[PDB]
Participant: 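Structure provided below as structure tokens; questions to follow.
The basis for the numbers below is simple: all heavy atoms, side chains too, and nothing from hydrogens, waters or symmetry mates. For ligands, and for the atoms within them, numbers begin at 1 and follow the listed sequence. Each chain gets a letter, A, B and so on, in the order the sequences are listed, and its residues count up from 1.
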Amino acid sequence: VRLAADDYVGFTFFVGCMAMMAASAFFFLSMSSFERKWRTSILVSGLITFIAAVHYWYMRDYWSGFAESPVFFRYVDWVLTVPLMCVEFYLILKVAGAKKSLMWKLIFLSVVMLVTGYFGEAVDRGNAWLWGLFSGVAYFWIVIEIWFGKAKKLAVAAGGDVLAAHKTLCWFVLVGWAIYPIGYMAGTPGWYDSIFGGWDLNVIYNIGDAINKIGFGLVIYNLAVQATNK
Amino acid sequence: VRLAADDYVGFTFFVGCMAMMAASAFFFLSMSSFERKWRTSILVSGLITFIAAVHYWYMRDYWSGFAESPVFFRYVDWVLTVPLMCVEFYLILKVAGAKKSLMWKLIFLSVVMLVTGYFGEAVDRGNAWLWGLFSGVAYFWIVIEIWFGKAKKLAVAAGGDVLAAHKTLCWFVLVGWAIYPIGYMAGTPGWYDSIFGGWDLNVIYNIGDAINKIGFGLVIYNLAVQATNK
Amino acid sequence: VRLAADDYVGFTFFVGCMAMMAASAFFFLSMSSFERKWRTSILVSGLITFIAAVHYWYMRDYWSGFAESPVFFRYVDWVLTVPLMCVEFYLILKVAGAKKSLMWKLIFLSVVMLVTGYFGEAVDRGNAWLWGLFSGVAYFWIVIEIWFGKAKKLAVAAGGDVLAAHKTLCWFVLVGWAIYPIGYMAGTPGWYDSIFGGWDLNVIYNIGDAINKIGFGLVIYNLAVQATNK
Amino acid sequence: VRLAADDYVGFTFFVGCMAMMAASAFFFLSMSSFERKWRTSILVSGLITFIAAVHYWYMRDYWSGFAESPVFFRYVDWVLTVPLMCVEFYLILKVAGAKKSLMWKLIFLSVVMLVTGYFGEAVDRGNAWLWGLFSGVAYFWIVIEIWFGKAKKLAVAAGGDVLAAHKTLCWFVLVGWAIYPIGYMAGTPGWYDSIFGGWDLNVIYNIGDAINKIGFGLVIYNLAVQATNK
Amino acid sequence: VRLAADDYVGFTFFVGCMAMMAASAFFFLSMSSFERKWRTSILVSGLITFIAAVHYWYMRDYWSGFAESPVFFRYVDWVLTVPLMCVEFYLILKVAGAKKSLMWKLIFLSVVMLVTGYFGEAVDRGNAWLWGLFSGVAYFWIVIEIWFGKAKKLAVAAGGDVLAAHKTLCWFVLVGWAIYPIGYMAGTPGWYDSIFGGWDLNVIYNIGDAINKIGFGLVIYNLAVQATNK
Ligand SMILES: CC1=C(/C=C/C(C)=C/C=C/C(C)=C/C=C/C=C(C)/C=C/C=C(C)/C=C/C=C(C)/C=C\[C@H](O)C(C)(C)O)C(C)(C)C[C@H](O)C1
Ligand SMILES: CC1=C(/C=C/C(C)=C/C=C/C(C)=C/C=C/C=C(C)/C=C/C=C(C)/C=C/C=C(C)\C=C/[C@H](O)C(C)(C)O)C(C)(C)C[C@H](O)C1
Ligand SMILES: CC1=C(/C=C/C(C)=C/C=C/C(C)=C/C=C/C=C(C)/C=C/C=C(C)/C=C\C=C(C)/C=C/[C@H](O)C(C)(C)O)C(C)(C)C[C@H](O)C1
Ligand SMILES: CC1=C(/C=C/C(C)=C/C=C/C(C)=C/C=C/C=C(C)/C=C/C=C(C)/C=C\C=C(C)/C=C/[C@H](O)C(C)(C)O)C(C)(C)C[C@H](O)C1
Ligand SMILES: CC1=C(/C=C/C(C)=C/C=C/C(C)=C/C=C/C=C(C)/C=C/C=C(C)/C=C\C=C(C)\C=C/[C@H](O)C(C)(C)O)C(C)(C)C[C@H](O)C1
Ligand SMILES: *C/C=C(C)/C=C/C=C(C)/C=C/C1=C(C)CCCC1(C)C
Ligand SMILES: *C/C=C(C)/C=C/C=C(C)/C=C/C1=C(C)CCCC1(C)C
Ligand SMILES: *C/C=C(C)/C=C/C=C(C)/C=C/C1=C(C)CCCC1(C)C
Ligand SMILES: *C/C=C(C)/C=C/C=C(C)/C=C/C1=C(C)CCCC1(C)C
Ligand SMILES: *C/C=C(C)/C=C/C=C(C)/C=C/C1=C(C)CCCC1(C)C
Ligand SMILES: CCCCCCCCCCCCCCCC
Ligand SMILES: CCCCCCCCCCCCCCCC
Ligand SMILES: CCCCCCCCCCCCCCCC
Ligand SMILES: CCCCCCCCCCCCCCCC
Ligand SMILES: CCCCCCCCCCCCCCCC
Ligand SMILES: CCCCCCCCCCCCCCCC
Ligand SMILES: CCCCCCCCCCCCCCCC
Ligand SMILES: CCCCCCCCCCCCCCCC
Ligand SMILES: CCCCCCCCCCCCCCCC
Ligand SMILES: CCCCCCCCCCCCCCCC
Ligand SMILES: CCCCCCCCCCCCCCCC
Ligand SMILES: CCCCCCCCCCCCCCCC
Ligand SMILES: CCCCCCCCCCCCCCCC
Ligand SMILES: CCCCCCCCCCCCCCCC
Ligand SMILES: CCCCCCCCCCCC
Ligand SMILES: CCCCCCCCCCCC
Ligand SMILES: CCCCCCCCCCCC
Ligand SMILES: CCCCCCCCCCCC
Ligand SMILES: CCCCCCCCCCCC
Ligand SMILES: CCCCCCCCCCCC
Ligand SMILES: CCCCCCCCCCCC
Ligand SMILES: CCCCCCCCCCCC
């Protein structure tokens, strides 16, 4: 447990843990300065960074001990936080007339995506490409729903700050989340060892997690602020 | 204490701990966005997940050490959380005219159920079937009370969101709680060759606890939300 | 530090710690749903279970390590919580016209009781009967004050919910607190060789503490609720 | 790590830690029941006991390990808490027309007192009497300021609850704080090693800290209560 | 891991950790006593000391173990806190008409400064002078912006308490932050091994961090207080 200056994975575990901890405090402590109608979207942004702060604490210590970070262990957090992130689409479009049907659809797709991903990574690596494909289809459905589907139509109808927030969240989902499917292909045996594979993603995962989770919440927080100051 | 990808019991202890921790924060931090009349029901939903989060933390570490999870140690949480869950029937029917008599009845039955279950599991395994039977009868009385008894009549009279919440809670008690008596029969010596093989009761306990406890609370939280927005 | 199913002392340390922790959260989180005039009585009920939760955490660990629970170590909590419980008589009768004189009397007697008890148990066991007797007399004075003295007269004048609460608290002090003088006589050398056999003092301490501390607070909480509802 | 019944220093570390922890909770959780104008004085009372609770936790564990409590290590808390206590004179006299000049004077004297004391105790024990003397003079100036100086005149002009609180705080500073200079003379080599040298102050420090810190805050809390209730 | 009276680095780690912890509690608990328009600037002052408290806890323990404090490890906190400090210029000038452009500029410069500094210190020490120079230029740009640039013009236009706060913060940036570039030159190989090099900065870092972070926040808190009191 002596620290080394060249351990960049180590460094990014320490930073990521501290940034998520601070983000969780910022969202929980800000909630009361807003009208009740915004509070839930902010609270959930804080839950997302709270789960990640606590799991990053454990992973940071484990890396200090063993100098390993098994990818399957990252799913402890992803299986909870990715559905919560998908629920934020419902929370920000509820005013624009989203119905619980939307919430259930998103929760279902996100959970299928993460559980099939875990089966590919941990339970049945023989059939990792097949599990990948099931995960990939759930991802594609989520992307289609928010870029073109009902969620997009609701955002467009609302216009204003909401539409703006919606569009930014859609970029985070399209571009920010793409690192995870890529690392899956890099780390699992399949037909994609030719292209990817043998790539160290730990630094990318540690920085990506923080940007993905804190960025999502800052966009939601920014929406509450814009709306309130009008 | 390296993590292994095939340790599914391990994985479900880490997930269950994080989900209960997050649920506790969600209910505690939501309480203030509601009129005083709902806050106690929500507070108690948070107490239920808080006790479970803290006990799941200990059990998760113990499994990391010894790769054992003795059933009797789960009763540390059940003896506190199952009575609190039974109290939620009183809290949601208090408006409909439930009297403390109902609260005391439910607390008494739930406590008898859990303590007789612990005597069967830990103190007197020779007579596990007899202790089972006493627990079984307490369970049956609770089920009859909420499906057909006074509590059901109060719910029906109130109608509306309350009746809806009541019925959902009755399904959780009937179907969601059935895993516990089944695991008891699977694990104890008696007249019962409850052979539910292929699945590790530990995985079922870890997933079932989270669903049972967070599900109960989300139904109560949903009732506060429905009522408030009317 | 493997758990054993027959370690009932172990079990009751785990339960007592969790119950106190939950009770502390319940009283601290309830405080704000009450008019200012009730909040202090509730806050102090929470302090009582908070001190006990944290000390039960240490005692639980120590029992896991050494399988010993020295009685003198329980006094770490009792010297703080028993005076706080005695202050609750002042807080609930302040409306009925109790004066700080009463508060100081109760604090003084409770502190004398606990400190003389500790001298008998830990510093001067040669003269345990004498220290016992000094503690005994302080106990008797407290009992006489609340059952017959000024405090009783104030309660009786107030009538209503207050008198009801006062009488229940008087039973907890008379009957619930009797286990402590009994265990003292059971554990110390003197003119008393009280057998009180069959049952492990540690189990009785662990269950008695939780009932004594949470019961006291639930009676104070019940008084605030009754009063608020009218 | 086993506890001994005759370890009175040990016992007083456990009690002191628990009492400061409970006091911190009491002041932080009471703050919201008061008009804004009192909240800062109460918050600072909680900071004082919060710092001490956390440092008492470390010193308690260190004593369990090594059975030593080096006096210089107590200064970790004193260098922060003694200036905060001195600021409380400004906070309670701000209404009576105290100016920031007074705050800065008290902060400066308190910090000089504690830092010169630390130099005498830890960095330059050869000249402990000289450092003593510098600390001694800063103490005397503080005492003169509050008993006779401007601060006293402000209190006297205000009259009422303020004057009462001021006088009680002046007794705590004069008599309650005298233990610290005495222990310095008892523990340092100088011209005073005959009179005071060779005295075990650990029990006195542990009890005195708790009484000094919780006492100061209870006087401030009592001032807020008196003022509010009329 | 016995404590030594001559370990001044050790002492300052313990003090710094406690002071940051106390400052965090002071800012988080004060937030609610202010109109909404000030609360964010105070919350962020608390995040700054919260990150530092938690990182100082880890560094304190590591020094207890190994008696080393690698400079690169301090960047775990600096990469988060220095940008938050720069955002405070935006938060205090938002009323005077600062635009998000200013926020982004400051965040960008602060992050470049800290990341280039870390490259010089940890990844590429061969070219530490060059990385130094890039960091140095980002620093100079920040200084020019706040002393002469747009931010200064906004402050000057606002006048009053804001201008006063602005000027104080500009001194902290100019003089209080200068210790960090100096320590960099003292610790790295370059052309400045003649001027600096061979200097122990640990005591200076530990005291400077506390003064820099708590000082910044006390100036922001002072601005909210002055403004509130009209
Ligand atoms: C240590 C020591 C010493 C100290 C000795 C000490 C302090 C001994 C303390 C003994 C105590 C406290 C015994 C308590 C025994 C409780 C009884 C019998 C209770 C009856 C209760 C009824 C009959 C309720 C009837 C209730 C009714 C009808 C209805 C409603 C009630 O509300 C309820 C809730 C109970 O239903 C000495 C010996 C001095 C010196 C030595 O040298 C050393
Ligand atoms: C790293 C590196 C590089 C860069 C390193 C860098 C940028 C280092 C920067 C160091 C700085 C900026 C030091 C600044 C020192 C300011 C002073 C002393 C100012 C004093 C003022 C006084 C003593 C009185 C003023 C008196 C009054 C009354 C004024 C103010 C008062 O305090 C008050 C607040 C009361 O008004 C380079 C070299 C580029 C490449 C290399 O390769 C490596
Ligand atoms: C895993 C797996 C499977 C599934 C794998 C899956 C789903 C992989 C998915 C990969 C994805 C989604 C890649 C996406 C790449 C998007 C790009 C490069 C876009 C760039 C654009 C940029 C860098 C910026 C800017 C662009 C614009 C327009 C900027 C706009 C501005 O930023 C503003 C916000 C202002 O508009 C399969 C293969 C099925 C089976 C296998 O067996 C296993
Ligand atoms: C321990 C022990 C003892 C005690 C043991 C005990 C009490 C064991 C209890 C086992 C229980 C309660 C099992 C329950 C099984 C319910 C079933 C299969 C029903 C399933 C599923 C339907 C009905 C779905 C759907 C139906 C509909 C209407 C749609 C339902 C949906 O779900 C809806 C959305 C409406 O909710 C004894 C034996 C006494 C002594 C021994 O010595 C040991
Ligand atoms: C460091 C050092 C140095 C200095 C060390 C220093 C300055 C030590 C100073 C110690 C002090 C000032 C001790 C004072 C002791 C006062 C007493 C006991 C007075 C009792 C009076 C009662 C009992 C009446 C009244 C009331 C009481 C107790 C309580 C309450 C009130 O009656 C009330 C009405 C409020 O209840 C020097 C020597 C400079 C160099 C050396 O080389 C080293
Ligand atoms: C906070 C963490 C986040 C946003 C993680 C997101 C992860 C994904 C969207 C993962 C997606 C996957 C697929 C679409 C294909 C292969 C399996 C997964 C789970 C890596
Ligand atoms: C949060 C945990 C929950 C809802 C646990 C519930 C446990 C039961 C309902 C257990 C019931 C039992 C019987 C009715 C028979 C055998 C003994 C028990 C205790 C397992
Ligand atoms: C939460 C803990 C409680 C209520 C403990 C109470 C303890 C006592 C009432 C102890 C009484 C004693 C005597 C009356 C005589 C012997 C010594 C004592 C301290 C056990
Ligand atoms: C919470 C801790 C408190 C109130 C401690 C206060 C300590 C002092 C007032 C110590 C004073 C000293 C001198 C006046 C002379 C010798 C050196 C000191 C630091 C022991
Ligand atoms: C809370 C900690 C603070 C305010 C730290 C600030 C650090 C700097 C302003 C560091 C600046 C540097 C340079 C300008 C050049 C050399 C490298 C750095 C990163 C030390
Ligand atoms: C005071 C308000 C805080 C809001 C919630 C804080 C998040 C806590 C996360 C804990 C992360 C563990 C990191 C500590 C490493 C020792
Ligand atoms: C370890 C890296 C920490 C990174 C934390 C900050 C990430 C911020 C992402 C960008 C948020 C912008 C959304 C604001 C609305 C326009
Ligand atoms: C709403 C959040 C849903 C969270 C889903 C968690 C799934 C837990 C993983 C399942 C692991 C079981 C492995 C069994 C393989 C034989
Ligand atoms: C400031 C808001 C935070 C609220 C946290 C809710 C209580 C959660 C406590 C449960 C902790 C046990 C799990 C920790 C595993 C290391
Ligand atoms: C809400 C009420 C909770 C009740 C908690 C009951 C736990 C009691 C377990 C009893 C253990 C002692 C058995 C010893 C038999 C020899
Ligand atoms: C280890 C598994 C963790 C699983 C997470 C549980 C989420 C809880 C979902 C329960 C169903 C919600 C019903 C609400 C009805 C309005
Ligand atoms: C987070 C909810 C607010 C009030 C919480 C007070 C709980 C008291 C904590 C007691 C901790 C000791 C038990 C933990 C066992 C590991
Ligand atoms: C060893 C664990 C025991 C758990 C104790 C929790 C129950 C508290 C006792 C309840 C007393 C009820 C009196 C309330 C009157 C309104
Ligand atoms: C108002 C609460 C008061 C708490 C009193 C605690 C005192 C602790 C016992 C003192 C131990 C003295 C050591 C014996 C020396 C022979
Ligand atoms: C707002 C009216 C309150 C009257 C307060 C009188 C008694 C206060 C209770 C004392 C609790 C102090 C906690 C000390 C921790 C050991
Ligand atoms: C609800 C506010 C809580 C008040 C702050 C409590 C201070 C906690 C300091 C830690 C000292 C307790 C010792 C723990 C031993 C394991
Ligand atoms: C280790 C000993 C524990 C000490 C317990 C703290 C109690 C101190 C309170 C004494 C001061 C009374 C304040 C007067 C209020 C007007
Ligand atoms: C009541 C609000 C408190 C917020 C501040 C918490 C900061 C905790 C970080 C430092 C942890 C303690 C340091 C040493 C513990 C052994
Ligand atoms: C080893 C660390 C000790 C540092 C103590 C922290 C307190 C520093 C406060 C700085 C004062 C700034 C005043 C600005 C107020 C307008
Ligand atoms: C609006 C743009 C959002 C895209 C954010 C992507 C961040 C992921 C980077 C992970 C590698 C360091
Ligand atoms: C270090 C801070 C990074 C991101 C800053 C927040 C940007 C948007 C905040 C919303 C303000 C209305
Ligand atoms: C609406 C019906 C709710 C009932 C759900 C039962 C919960 C199932 C427990 C899962 C065991 C793995
Ligand atoms: C309503 C009267 C309550 C007093 C009785 C409580 C005694 C239980 C504590 C001892 C259990 C071992
Ligand atoms: C305020 C209404 C009731 C107060 C008393 C409740 C008693 C609950 C006992 C809980 C045991 C788990
Ligand atoms: C009226 C206030 C006088 C306060 C004096 C208290 C003495 C504290 C030190 C005791 C150490 C055992
Ligand atoms: C152990 C309890 C000590 C409590 C000391 C009394 C507090 C008096 C405060 C008066 C405020 C109304
Ligand atoms: C008016 C503000 C001046 C800033 C003083 C700098 C504080 C840090 C000094 C370094 C500590 C040794």
Participant: Taking only non-hydrogen atoms of B/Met85, do any sit less than 4.0 angstrom from ligand 7?
Facilitator: yes
Participant: Which of the numbered atoms in ligand 7 are under 4.0 angstrom from any heavy atom belonging to B/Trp177?
Facilitator: 4 (C), 9 (C)
Participant: For E/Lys99 and E/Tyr90, which I'm curious about, is there any donor-acceptor pair between the side chains at under 3.5 Å?
Facilitator: no
Participant: Starting from atom 19 (C) of ligand 7, find the nearest protein heavy-atom neighbour and note its residue, name and distance.
Facilitator: B/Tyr75 OH, 3.6 Å
Participant: Is it the case that the ring center of C/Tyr75 lies less than 6.0 angstrom away from the ring center of C/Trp78?
Facilitator: yes
Participant: Of all the atoms in ligand 7, which lie at a distance below 4.0 Å from a heavy atom belonging to B/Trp78?
Facilitator: 2 (C)
Participant: Where is the nearest protein heavy atom to atom 17 (C) of ligand 7: which residue, which atom, and how far?
Facilitator: B/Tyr184 CD1, 3.6 Å
Participant: Check whether the ring centres of B/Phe27 and B/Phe50 lie less than 6.0 Å apart, and answer yes or no.
Facilitator: no
Participant: Could you verify whether a donor N or O on one side chain and an acceptor N or O on the other, from B/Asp124 and B/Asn127, lie under 3.5 Å apart?
Facilitator: yes
Participant: Closest non-hydrogen protein atom to atom 7 (C) of ligand 19, residue and atom name please, with distance?
Facilitator: C/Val115 CG2, 4.4 Å
Participant: How does B/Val82 reach ligand 7, by side chain, by backbone, by both or by neither, if only non-hydrogen atoms under 4.0 Å count?
Facilitator: side chain
Participant: Do me a favour and list the nearest non-hydrogen protein atom to atom 11 (C) of ligand 7 with residue, atom name and distance?
Facilitator: B/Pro181 CD, 3.9 Å
Participant: Might you work through the side chain to side chain contact (heavy atoms under 4.5 Å, CB included) test for D/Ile179 and D/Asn212, ending with a clear yes or no?
Facilitator: CA-CA 10 Å; D/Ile179 69 182; D/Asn212 276 311; 4.1 Å; yes
Participant: Please state which protein non-hydrogen atom is closest to atom 14 (C) of ligand 19 and give its distance, to 0.1 Å?
Facilitator: D/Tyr8 CG, 4.0 Å
Participant: Check each heavy atom of B/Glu121 against ligand 7 and say whether those closer than 4.0 Å belong to the side chain, the backbone, both or neither.
Facilitator: neither
Participant: Does either side chain, that of A/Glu88 or that of A/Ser41, offer a donor lying less than 3.5 Å from an acceptor on the other one?
Facilitator: no
Participant: For A/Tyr56 and A/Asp209, does a side-chain donor sit closer than 3.5 Å to a side-chain acceptor?
Facilitator: yes
Participant: Please list the nearest protein heavy atom to atom 15 (C) of ligand 7 with its residue and the distance rounded to 0.1 Å.
Facilitator: B/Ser135 CB, 3.8 Å
Participant: Checking contacts now, so for atom 5 (C) of ligand 19, which I'm interested in, is there any protein heavy atom under 4.0 Å?
Facilitator: no
Participant: Yes or no on side chain to side chain contact (heavy atoms under 4.5 Å, CB included) for B/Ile146 and B/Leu169, after CA distance, side-chain angles and deciding distance?
Facilitator: CA-CA 9 Å; B/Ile146 64 186; B/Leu169 295 182; over 6 Å; no
Participant: For atom 12 (C) of ligand 19, what is the closest protein heavy atom, and at what distance to 0.1 Å?
Facilitator: D/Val203 CG1, 4.6 Å
Participant: Does any donor atom in the side chain of D/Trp63 or D/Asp7 lie under 3.5 Å from an acceptor atom in the other side chain?
Facilitator: yes
Participant: Honestly, is A/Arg74 close enough over A/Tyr205, meaning NZ or CZ under 6.0 Å from the six-membered ring centre and within 45° of the axis?
Facilitator: no
Participant: If the cut-off is 4.0 Å to any non-hydrogen atom of B/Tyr139, which atoms of ligand 7 fall inside it?
Facilitator: 14 (C)
Participant: Around atom 16 (C) of ligand 12, find the nearest protein heavy atom and jot down its residue, atom name and distance.
Facilitator: A/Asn222 ND2, 4.5 Å
Participant: Please check if the distance between the ring centroids of B/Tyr192 and B/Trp129 is under 6.0 Å.
Facilitator: no
Participant: Taking a cutoff of less than 4.0 Å between a non-hydrogen atom of the residue and any ligand atom, is A/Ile207 in contact with ligand 12?
Facilitator: no
Participant: Among all protein heavy atoms, pick the one closest to atom 1 (C) of ligand 19 and tell me residue, atom and distance.
Facilitator: C/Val111 CG2, 3.8 Å
Participant: Provide, to 0.1 Å, the distance between atom 9 (C) of ligand 12 and the closest protein heavy atom, together with that atom's residue and name.
Facilitator: A/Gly215 CA, 3.9 Å
Participant: In this structure, is the centre-to-centre distance between the rings of B/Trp171 and B/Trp177 below 6.0 Å?
Facilitator: no
Participant: Centres of the D/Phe26 and D/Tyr221 rings: under 6.0 Å?
Facilitator: yes
Participant: Below 4.0 angstrom from a heavy atom of A/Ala210, which ligand 12 atoms are there? Numbered from 1 as shown, please.
Facilitator: 1 (C), 2 (C)
Participant: Compute the ring centroids of C/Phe14 and B/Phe73, then answer whether they are less than 6.0 Å apart.
Facilitator: yes
Participant: Enumerate the atoms of ligand 7 whose separation from the nearest heavy atom of B/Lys213 is less than 4.0 angstrom.
Facilitator: 1 (C), 2 (C), 3 (C)
Participant: Can you report which non-hydrogen protein atom sits closest to atom 8 (C) of ligand 19, along with the distance?
Facilitator: D/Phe11 CE2, 3.9 Å
Participant: How far is atom 2 (C) of ligand 19 from its nearest protein heavy atom, and which residue and atom is that?
Facilitator: C/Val79 O, 4.0 Å
Participant: Among all protein heavy atoms, pick out the one at the shortest distance from atom 13 (C) of ligand 12; state its residue, atom name and that distance to 0.1 Å.
Facilitator: A/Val219 CG2, 3.7 Å
Participant: Heavy atoms only, cut-off 4.0 Å: how does B/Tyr180 contact ligand 7, side chain, backbone, both, or neither?
Facilitator: both
